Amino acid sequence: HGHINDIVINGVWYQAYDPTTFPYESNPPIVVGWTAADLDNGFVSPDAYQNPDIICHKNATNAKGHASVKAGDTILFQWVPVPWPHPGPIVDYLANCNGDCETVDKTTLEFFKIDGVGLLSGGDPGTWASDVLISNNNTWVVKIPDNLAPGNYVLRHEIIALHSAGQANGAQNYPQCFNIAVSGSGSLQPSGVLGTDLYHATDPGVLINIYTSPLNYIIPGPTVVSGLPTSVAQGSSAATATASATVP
C-alpha cells in the first residue's frame, strides 16, 4: 500500500496526485498525476482487470495539466510511505494521447511497455524489483526513449504486489498515471495494448506462489519495446528545482 508523492524529471520536481490529501480539500491543485480514488493507498485486483479502474486506478479522471519533457530524459517516481511493504515486479508504459492528455478518453489509450523488472533472484520470496525500489529510498527510475516521436502521452507506472497472489484474485496492482508532453527528433511510435487488455487473472505472473524455490517469473503484459533496456541503472537523486503542471 502506497501512492506516488512526486516525480522528478531531470532534476525538476512535480507534485503528484495525493489521494490521501487532495480529496479532503475544497480546491485541490492541478497536478501531473491523474485524480484517483485510492484514498486507502490501495490496489486494483484481478477481478477489475477488464474494468476501467485498471487503466489509471479507481475511478481515475484526467490530470488537468502536464509535465513537458525531452525524449531521453529520465523520470524518478517517489512512493510513500517509506518503505514500500510488498514483493513484486515494476513496469512502465506510455500511451499516445492523439491530442491533449487533459481530455483523452482513458479507455482509448494504447499502452506500450518501456520497462519491466521482475524476479531478480532466488525464491521464497526471492529478490524483486520492489526490493530495489525499497533500497533506493522508495524510488524507481525510467528513461523516456531517445527516439520517441514528439507527442502527448500518458505515463502509466505500476507496482504489482504478489505476497497474496497464490490465490485467485490475490494479486494487487498499483497503477499511477501522469501526463507528459514529449519533444524530440525521433519517430518511434510503438504498437500498444488497451489498458483493459493488458492482464488476465490466470496469467502465470498474476496467479503465482512466490513462496517456493526454485522460482521463475514471467512479467505480465506485452513485451518491452525492442531496443530499449528492460531497466536503466537505478538510484535516487534529489531535485534541484520545482515546476507546476502546465495547463493548456
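All residue numbers refer to positions in the sequence shown, first residue = 1.
Checked against the record, the higher mean CA B factor of 206 to 214 and 48 to 56 lies with 206 to 214. Stretches compared: 215 to 223, 31 to 39. Higher mean C-alpha B-factor in the entry: 215 to 223. Which of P83, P89, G170, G123 has the largest Cα B-factor in the deposited entry comes down to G123. Sorting the modelled residues of the chain by their CA temperature factor places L198 in the middle third. Ranked within its chain, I75 lands in the middle third, by CA B factor from the PDB record. Ranked within its chain, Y24 lands in the highest third, by CA B factor from the PDB record. Sorting the modelled residues of the chain by their CA temperature factor places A241 in the highest third. Among the modelled residues of the chain, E102 sits in the highest third by CA temperature factor in this PDB entry.
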